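Presented below, as structure tokens, is a lone chain in the form solved without the named molecule.
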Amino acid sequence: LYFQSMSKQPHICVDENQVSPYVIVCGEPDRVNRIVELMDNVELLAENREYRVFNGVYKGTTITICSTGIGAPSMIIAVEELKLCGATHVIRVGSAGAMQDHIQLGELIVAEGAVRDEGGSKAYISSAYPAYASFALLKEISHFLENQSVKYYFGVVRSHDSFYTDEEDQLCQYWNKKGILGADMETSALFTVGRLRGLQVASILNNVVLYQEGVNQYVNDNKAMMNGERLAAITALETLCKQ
């Protein structure tokens, strides 16, 4: 009771004996339950606010799975606390909204780089500092993905703090013209804070919004999106067990 407040990180609610060097983070608590379905020797470590923490084993390697909620600030709390617990490699398995015409639902966007349009990373360091993915992880992500059939795209994503501003339309058109693939709310924060803490980082994003329908298509779309999520998770697991 008391010794736990002493031993555990105050948000993710785990300690250095529990956290693997290899971590997958996602926004959605329920996705953690879906990811661990792919793993053996699964155990619940912690449940606190938006942070749901499990361990499991994938091809002989223990990997921690941690939800972080929506947005850079809640991501950053998890990154900092995971690092304190001995994390060394962290892969975001997340969602994005497409910023280009021909990216379909359930296709994958692999963020090589991210536009830092969120305030979280800016609290740490000048926006001029690059948010980019680790080569060692990109190498293994690319090697896995080229050997299967679902389309995927390597490039730049934009991370931001709101898609509900009145200038959303103008932002979308501007960033589409700059060649951005998709947008999320968390990737640039992981890349900036993660790298500053000496972490290897990457982000694999399931596309869940077309850049721009009946019940049937709706069901088809949901299945495509679940398939993309499963592919993203598997890619991250295959990558992390090879480190």
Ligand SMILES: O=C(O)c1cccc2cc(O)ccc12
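All residue numbers refer to positions in the sequence shown, first residue = 1.
Another form exists, solved in complex with the named molecule; not displayed. Remarks below refer to it.
- Checked against the named molecule in the bound PDB entry, the residues 59, 49, 34, 178 give one hit for a heavy atom within 4.5 Å, which is 34.
- A heavy atom within 4.5 Å of the named molecule in the bound PDB entry is found for exactly one of 38, 70, 42, 196: 38.
- In the bound PDB entry, none of the heavy atoms of residue 23 sits within 4.5 Å of a heavy atom of the named molecule.
- Contact annotation: residue 11 falls outside 4.5 Å of the named molecule in the bound PDB entry, judged by heavy atom distances.
- Proximity of residue 233 to the named molecule in the bound PDB entry falls within the 4.5 Å heavy atom cutoff.
- Not displayed here, the named molecule is approached by residue 226 to within 4.5 Å at the level of heavy atoms in the bound PDB entry.
- Counting a residue when any of its non-hydrogen atoms is within 4.5 Å of the named molecule in the bound PDB entry, there are no hits in 41-64.
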